[PDB]
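**Student:**
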Amino acid sequence: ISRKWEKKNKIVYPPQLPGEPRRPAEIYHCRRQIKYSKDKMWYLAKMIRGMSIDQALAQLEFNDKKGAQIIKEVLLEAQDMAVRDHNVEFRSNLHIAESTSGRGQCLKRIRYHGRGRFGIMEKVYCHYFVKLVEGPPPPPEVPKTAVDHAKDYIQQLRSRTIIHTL
Amino acid sequence: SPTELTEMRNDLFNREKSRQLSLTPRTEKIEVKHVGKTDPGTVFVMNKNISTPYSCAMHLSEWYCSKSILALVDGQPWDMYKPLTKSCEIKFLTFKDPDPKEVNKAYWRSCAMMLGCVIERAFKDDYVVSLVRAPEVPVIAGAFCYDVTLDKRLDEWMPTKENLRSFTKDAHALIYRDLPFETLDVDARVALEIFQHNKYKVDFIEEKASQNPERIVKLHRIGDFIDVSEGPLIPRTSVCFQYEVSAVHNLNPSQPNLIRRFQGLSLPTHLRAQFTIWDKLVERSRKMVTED
Amino acid sequence: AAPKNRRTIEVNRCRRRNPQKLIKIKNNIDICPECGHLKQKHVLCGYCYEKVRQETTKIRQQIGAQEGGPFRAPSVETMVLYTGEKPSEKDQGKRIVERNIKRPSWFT
Amino acid sequence: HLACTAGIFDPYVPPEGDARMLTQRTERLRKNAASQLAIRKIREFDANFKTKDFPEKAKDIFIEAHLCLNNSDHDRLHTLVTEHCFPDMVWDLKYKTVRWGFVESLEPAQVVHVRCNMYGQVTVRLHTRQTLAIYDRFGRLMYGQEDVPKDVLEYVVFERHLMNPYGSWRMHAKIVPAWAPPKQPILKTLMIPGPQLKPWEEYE
Amino acid sequence: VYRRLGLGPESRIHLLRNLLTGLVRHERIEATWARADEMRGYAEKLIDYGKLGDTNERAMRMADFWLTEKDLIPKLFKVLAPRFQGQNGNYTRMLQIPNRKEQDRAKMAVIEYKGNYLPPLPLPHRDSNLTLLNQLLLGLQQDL
Amino acid sequence: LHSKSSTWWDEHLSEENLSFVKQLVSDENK
Ligand SMILES: [Zn+2]
């Protein structure tokens, strides 16, 4: 087993110089053992990526999946330590930079059948990884306008070079 | 050129900020206790004249920031971005409060100030436009009114449907820009210099200085544009969702200069309106608005 | 019947990461001023409802003890009284339930 | 094995205005009746312990211990201070970087009061200007100023195990006089949570 | 026009019969939204039978069958029926409650008998006329 | 939260204003 996510939270940066912007806080939190499928948990992780701390919490409160409740508990623990230990001034000033789920060690049993058959029973466990960056979520992407698309095509045409000639 | 006036006007606004910042030495901690109905009794230690109610909203949750337009400091309406002055009791005001009368005035005044900004930049630099004052009219009137005196060259020019739409486009651009409303308390002497050219503004500045024992006057700045305010204004221009310049009425006794009162209607994002409702309200907002 | 060949992870990833299969966000979430907790626009607050619902059980417990027997539902109207509140003439001819607690602020 | 005992045998009472203040030294001459018998007990094991010369030795340990904090020289600081003192100094400095410097002492250090199987505690009076700046894990500054001298007067208690042959003077505790000014506040702003109540309960 | 509940049509009547009896005894019952709506119609119609009069033989037969506990029959004719004599309808109030956290997430609703002595439910309140939007509409009303 | 919310014409219409709105709609149609 590897627990490098926690070690990322133990990283200590060198003292910042006067001519350096105030470093945004990054917090790495995870729950190593959950009796839940990583694949099912991943769906929850994918949706919440890039959202604010408050927005994610609100969606989780009204979510029907068991994993969502676990995620909210994990999120609350990370926020508490962030203010307590990572010197976060504002509770609301947090957003979900990264969210993903991983496989965990399982348990193996034999699945009996009423007709003399047997199967391989597995008790699934998974890990959940989230990295939180202090500050509001980044602005969403704006689709390219027709003007932007045309300019690139013209630029590509100009960038064309003569091939296989002196 | 108009840019020159804005440049010097902006500087004096900036210099006043530096003087106030220089006036406060170090950071002084003031104990502010939350008297709001929700999360009552929370006490924040804050830096005097450095932090603002928005910071406290950030401390608690994002919901507070989104729904908080004003703050009740010791029972007094305070702008969300106004620096705190002393230990006090703070409560957050929302659009859906039982008594939005204080909120209504701030929205009413802010809309008038925004309209004044559009007028000055809407016309070409060749013409001369002087803003006289923003008359205070009830919300029941159906439109917010701004008075402006035009140059003789514009005596025969009346806005058309397209021209009125142009004003809304300028107003819509300002709303899209989402410029926070800066707030400064400035003495009459400095304020008179900032607005010396506009005689009408000068008298308005004098009235405010006359009422209060000191010469301090309430000045609000939207980007480069600056104006005097009767009271607190909206924190940001993004609050408005619907904006319309309903109509303009020319005052008959306007020989020395053509004084026009502009009628407009605006609605915050928190309070959206149906299509038919807005049309009737806009139609009801095209009628001459008297001050009662 | 088994697939003629194993399905590639890349093909599998596209199917599960399709927007149709992803979890959708909800925009109808609202706040409860009374409890300060979240709610849906068409769903009442539950934190305050817990007070009322659990308060009802306390009232019901008092009623059950007072009746003292099954199939003893009165044929007359019933009223609930809290400490500090005295029966009135209008309360005559009505079952009276007495609560040790003071008249709740929300209850009127 | 314990080489130190928590607390002070008898707490010396500092007089207000001592910072303004020969003079105080004579007050010790008057008060050696209370302390000389204690001084003799330290002298019996050592015979070279003098209240006049101890502050110089005591001062070096105090300054040296503070220097170890910047380098996190825990082993070096362990020897300088007693077991009781060490955890307080460094426990709250975990995952933090501090730049500490010593400006010239405002006034000379002087022994103030001493007391004493046998553990001897010597109170030393120190007023010195120092610079303190602590940064976050990310390097963000959280407390103190990089190059601003802060004048602080405190009374520092050193202790030694007289019975032990290897016993030596190690910093044990500091006595803070009430008249001393409060320490500088933290740069960041804190929030005090409100009272916690059950769903049935109402705000009070 | 009828929901399928229970193990059969008779079970639905028995299930509806049990639900109706429970509501009368307590006057406020919480159940699944679908079931609550199904029983709302029966409750209103029963009150009409109560208003008809105790001496009505059909009402007595209907009351006896639907209400298993016979102590409720006097209550219907002497408590429920007298109370709603003035009202012409809308005897029952049904409201939505947050879904059950029982791993099935069934839709939950509360159905209550109006005029009851139970503590008032936290009903929704419409926006006050003091709001900016309402004030503007009031101005339009005054002008007209 | 700076996010979209669901609204309907009757969400913020008061009972007194709601009755007026119904009358106004009938007047406009006529
Ligand atoms: Zn509530």
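Residue numbers (UniProt numbering), protein chains in the order written: chain Y, 41 to 206; chain H, 33 to 324; chain P, 78 to 185; chain L, 77 to 97, 105 to 199, 207 to 294; chain X, 14 to 157; chain V, 41 to 70. C-beta atoms are modelled at their ideal positions from N, C-alpha and C, and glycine is treated no differently.
How many whole angstroms separate the CB atoms of H:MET112 and H:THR84, which I take to be in contact at a CB cut-off of 8 Å?
**Tutor:** 7 Å
**Student:** Can you pull the chain Y residues whose beta carbon is under 9 Å from the beta carbon of H:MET90, in chain order?
**Tutor:** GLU129, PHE130, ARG131, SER132 and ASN133
**Student:** Using the beta-carbon of each residue, which ones in chain A are nearer than 7 Å to P:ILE100?
**Tutor:** Here the protein chains are Y, H, P, L, X and V, and chain A is not one of them.
**Student:** Looking at the C-beta of V:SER45, does it have a partner C-beta in chain X at a distance below 8 Å?
**Tutor:** Taking a beta-carbon distance threshold of 8 Å, V:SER45 does not count as an interface residue toward chain X.
**Student:** Is it right to say P:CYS91 is buried, meaning 16 or more other beta carbons lie within 10 angstroms of its own, or is it exposed?
**Tutor:** exposed
**Student:** Look at Y:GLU174 and Y:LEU134 and say whether their C-beta atoms are less than 8 Å apart.
**Tutor:** Cβ atoms of Y:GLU174 and Y:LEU134: closer than 8 Å.
**Student:** Using a Cβ cut-off of 8 Å, which residues of the region 104–137 of chain P contact any Cβ in chain Y, in chain order?
**Tutor:** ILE106, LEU115 and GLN117
**Student:** Are the C-beta atoms of Y:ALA65 and some chain L residue less than 8 Å apart?
**Tutor:** Y:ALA65 counts as touching chain L.
**Student:** Which chain P residues are close to Y:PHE102, counting only those with a beta carbon under 8 Å from its beta carbon?
**Tutor:** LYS103, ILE106, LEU115 and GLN117
**Student:** What is the DSSP secondary structure of P:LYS128, reduced to helix, strand or coil?
**Tutor:** helix
**Student:** In the DSSP assignment, what are the bridge partners of H:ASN79?
**Tutor:** In the DSSP assignment, H:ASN79 is bridged to H:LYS61.
**Student:** Would you say the beta carbon of P:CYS109 is closer than 7 Å to some non-hydrogen atom of ligand 1?
**Tutor:** yes
**Student:** Give the straight-line distance between the Cα atoms of L:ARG219 and H:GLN228, rounded to the nearest whole angstrom.
**Tutor:** 53 Å
**Student:** Whose CA, out of H:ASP235, H:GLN274, H:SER270 and H:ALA223, lies closest to the CA of residue 14 of chain H?
**Tutor:** Residue 14 of chain H is absent from the structure shown; chain H starts at 33 and stops at 324.
**Student:** Please name the residue, chosen from Y:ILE150, Y:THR140, Y:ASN103 and Y:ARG131, that lies closest to X:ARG118 on a Cα-to-Cα basis.
**Tutor:** Y:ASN103
**Student:** How do the region 91–101 of chain P and the region 82–92 of chain Y stand: do at least 3 beta-carbon pairs fall below 8 Å, yes or no?
**Tutor:** yes
**Student:** Tell me, please, which residues DSSP counts as bridged to P:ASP107.
**Tutor:** P:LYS116
**Student:** How would you list, in chain order, the residues of chain P whose beta-carbon sits under 9 Å from the beta-carbon of X:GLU82?
**Tutor:** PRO147, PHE148 and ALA150
**Student:** Thinking just about the alpha-carbon of each residue, which of H:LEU313, H:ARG318, H:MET320 and H:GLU323 is nearest to the one in X:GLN154?
**Tutor:** H:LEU313
**Student:** Tell me whether the beta-carbon of H:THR126 lies closer than 8 Å to the beta-carbon of H:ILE101.
**Tutor:** yes
**Student:** Run through the DSSP bridge pairs and tell me what X:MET121 is partnered with.
**Tutor:** X:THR45 and X:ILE110
**Student:** For the region 275–288 of chain L, enumerate the residues whose C-beta is nearer than 9 Å to any C-beta of chain H, in chain order.
**Tutor:** The residues in question are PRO275, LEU277, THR279, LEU280, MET281, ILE282, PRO283, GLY284 and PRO285.
**Student:** With H:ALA241 and H:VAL249 assumed to form a contact (beta carbons below 8 Å), what rounded beta-carbon distance in angstroms separates them?
**Tutor:** 6 Å
**Student:** Under 7 Å Cβ-Cβ, which residues of chain L neighbour Y:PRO183?
**Tutor:** Chain L residues near Y:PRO183: none, gap ~35 Å exceeds 7 Å.
**Student:** Does the beta carbon of H:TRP95 sit closer than 8 Å to a beta carbon anywhere in chain Y?
**Tutor:** yes
**Student:** Can you give me, in chain order, the residues of the region 133–146 of chain X that have a beta carbon less than 8 Å from any beta carbon in chain H?
**Tutor:** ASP140, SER141, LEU143, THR144, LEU145 and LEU146
**Student:** State the DSSP-derived secondary structure class of Y:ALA85, mapped to helix, strand or coil.
**Tutor:** The three-state secondary structure of Y:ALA85, taken from DSSP, is helix.
**Student:** Go to L:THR221, then tell me how far its beta strand (DSSP E) extends in each direction, as first and last residue.
**Tutor:** 209–225
**Student:** According to DSSP, what are the bridge partners of X:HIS27?
**Tutor:** Beta-bridge partners assigned by DSSP to X:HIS27: none are found.
**Student:** My understanding is that H:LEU290 touches H:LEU211, with C-beta atoms under 8 Å, so please give their C-beta distance in whole angstroms.
**Tutor:** At roughly 29 Å, the Cβ-Cβ gap does not stay under 8 Å, so H:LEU290 and H:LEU211 are not in contact.
**Student:** Keeping to the same chain, check which residues put their C-beta closer than 6 Å to that of L:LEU222; ignore five residues upstream and five downstream.
**Tutor:** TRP183 and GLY234
**Student:** Just to check my reading of the structure: L:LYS278 and L:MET232 have Cβ atoms closer than 8 Å, yes? What is that Cβ distance to the nearest angstrom?
**Tutor:** 7 Å
**Student:** Report yes if the C-beta distance between H:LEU196 and H:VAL277 is below 8 Å; otherwise report no.
**Tutor:** The answer is yes: Cβ separation under 8 Å.
**Student:** Enumerate, from N- to C-terminal direction, the unbroken beta strand (DSSP E) stretches of 3 or more residues contained entirely within the region 231–300 of chain H.
**Tutor:** 248–254, 257–260, 272–282 and 290–300
**Student:** Can you say whether H:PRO264 is buried or exposed, counting buried as having 16 or more other CB atoms within 10 angstroms of its CB?
**Tutor:** buried
**Student:** Using a Cβ cut-off of 7 Å, pull out every chain P residue sitting near H:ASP256, in sequence order please.
**Tutor:** Against chain P, the beta carbon of H:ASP256 has no neighbour under 7 Å; the closest one sits roughly 37 Å away.
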